[PDB]
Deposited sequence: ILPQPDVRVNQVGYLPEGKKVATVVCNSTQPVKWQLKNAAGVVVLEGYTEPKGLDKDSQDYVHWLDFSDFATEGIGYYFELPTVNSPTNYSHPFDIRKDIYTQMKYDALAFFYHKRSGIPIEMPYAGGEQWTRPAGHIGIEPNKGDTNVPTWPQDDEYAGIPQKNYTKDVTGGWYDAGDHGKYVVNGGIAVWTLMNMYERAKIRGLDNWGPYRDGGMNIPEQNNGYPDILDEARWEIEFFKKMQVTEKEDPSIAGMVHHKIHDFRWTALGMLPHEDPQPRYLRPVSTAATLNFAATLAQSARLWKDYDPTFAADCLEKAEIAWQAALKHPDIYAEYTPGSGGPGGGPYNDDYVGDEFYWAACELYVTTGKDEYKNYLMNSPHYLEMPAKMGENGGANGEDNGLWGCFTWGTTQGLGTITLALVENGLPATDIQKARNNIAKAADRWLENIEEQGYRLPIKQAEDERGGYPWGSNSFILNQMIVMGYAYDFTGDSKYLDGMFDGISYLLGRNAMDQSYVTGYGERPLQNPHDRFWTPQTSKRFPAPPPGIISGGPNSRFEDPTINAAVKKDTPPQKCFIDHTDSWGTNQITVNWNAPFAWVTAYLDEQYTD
């Protein structure tokens, strides 16, 4: 077992240039001496600590150890505190080189090939023989799904609103997380995040770099003429298309998009996609899913126009058919359902879709330039909006957006792409984004472990489900700020956010698989779960954990830690802790956006 260094640092390392502040565990409030040592032991730098006191989220007495000035490349740098009488008066070995996120950006996007449904996971692409597996859900027993998935049984206690009895082929798409579900909601932001990082590379001019080019990713679409990152994105878009309801299926709601499709009931950990024996069904349909659809398909329409005109055009034509249907049924909300004992997939419920509408409008406007999308876009409560603090479940949480609080996603599209909105408004939008980043930049300075989020305002406070993802989305908006201003403070903010995710935290935990001295090793996943049975393999690298969640929303974290544990410590790296150690598409997408960004800024 690993001791836990008194000096918390990024367990992998730092880019030679930029803000660098470790966090020490020192009740000894009074500047204590430190000293950066190279692998050999020689003190290549030194100074004193900065007493910050009792940190509210971690219940730790801490000091900051700013060493931003230092920028000398090398392997094995480890801090120390000669005066301190602690058996752990130090930091894990780390690096200061240019290629910290060079490989990590690919690993992160590889997560999406791995979670692909309806296709075999084969060698080269898998990165290892042990991650190979049969296609998941292609109608071959024991699977009972996706080629002919019927609508949810009506007599079911959680059947949701009534549906007609029919079947669809909804093969393909990505698995959401540790489960075998496929959700349009949550899938929407995930896929928007990959296409957006691409569009950003294009407009800036580096779309001919890394994963943005044909042959940039170790996926089967390596040299098919299209940009690799979009091939992945299209995999999910192809699945969205199949989820849209047709005239022959149900006239009352044609053009609308089924909320999600998954197992009738929950299966246990320790299973591969093709082994899932559960009956498979289609959830009801929801304005939000219809709008995520309209939005990502519009975005897809303008990005694929140069490569595959036929595909790009059908995307747009479907996006509009969905936007239109959403106006006629603007208030069908996916309702809540238990997390255990009920439907075999998460609910992703939301009773507010104004933002979604705003989002779809922003994407449709920039793509079609039509008046109707412009009039909505502008006369909206969310016009040019960009939260720093949201506010159903997201109210008072801290962060710019989530799978359910979508305004902001659209706003980013307005602040980065063509469109003929008064150049004046575009300016506000870009300012709001920088404002938003400033607030978070503050949170970091008042935070002991320099993380951009503070506990929730929802009175219960603490860190929410998948907190880490909030830090991630924040880093994206920050990233744009450094684009619109050039003020390296926004970049240093990112440097703090990611440092937290990689080890400078109250758990001395690297929430990313395959990275750090204490890497994330037991995510809640049905395939990569060594703890369930040695039969299954440790997971691939570059996948991030949801992190701390002080709502004790799973048995394991309930039995593993006291009832009063500090929010930033409410975590356990155990495959059973689904509320604290799970992996998803809406978390690895933003984690990828961010790792890519940090690799270019270098």
Ranges of the deposited sequence (numbered from 1) for which no C-alpha atom is modelled: 392-397, 609-610
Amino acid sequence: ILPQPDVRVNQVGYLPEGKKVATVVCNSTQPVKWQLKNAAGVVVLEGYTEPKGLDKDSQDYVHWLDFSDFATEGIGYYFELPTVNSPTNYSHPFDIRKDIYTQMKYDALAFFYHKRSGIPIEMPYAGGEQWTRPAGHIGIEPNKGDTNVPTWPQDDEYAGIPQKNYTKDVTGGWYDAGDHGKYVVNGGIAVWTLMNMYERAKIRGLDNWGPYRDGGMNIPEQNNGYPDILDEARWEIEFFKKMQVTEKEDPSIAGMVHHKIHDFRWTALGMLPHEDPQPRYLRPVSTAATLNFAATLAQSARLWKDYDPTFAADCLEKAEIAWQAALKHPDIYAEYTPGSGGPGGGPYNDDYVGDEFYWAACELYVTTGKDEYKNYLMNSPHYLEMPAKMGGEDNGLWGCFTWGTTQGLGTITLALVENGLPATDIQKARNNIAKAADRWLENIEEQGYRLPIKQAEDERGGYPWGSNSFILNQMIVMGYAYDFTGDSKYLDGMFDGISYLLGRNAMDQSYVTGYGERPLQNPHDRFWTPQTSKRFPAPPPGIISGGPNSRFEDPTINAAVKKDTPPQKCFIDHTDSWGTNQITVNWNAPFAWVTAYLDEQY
From here on, numbers count along this sequence of modelled residues.
Per the entry, higher mean C-alpha B factor between 301-309 and 178-186: 301-309
Average Cα temperature factor in the PDB entry - higher stretch of 560-568, 26-34: 26-34
Residue of maximum C-alpha B factor among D146, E317, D525, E393, per deposited coordinates: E393
Top residue by Cα temperature factor, when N468, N165, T88, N292 are compared in the entry: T88
CA B-factor ranking of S577, expressed as a third of its chain: lowest
Chain-wide C-alpha B factor ranking for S380, given as lowest, middle or highest third: highest
Chain third (lowest, middle, highest) by recorded CA B-factor, residue given as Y490: highest
Position of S68 among the chain's modelled residues by C-alpha B-factor, lowest, middle or highest third: highest
Ranked against its chain, the third holding the CA B-factor of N224: lowest
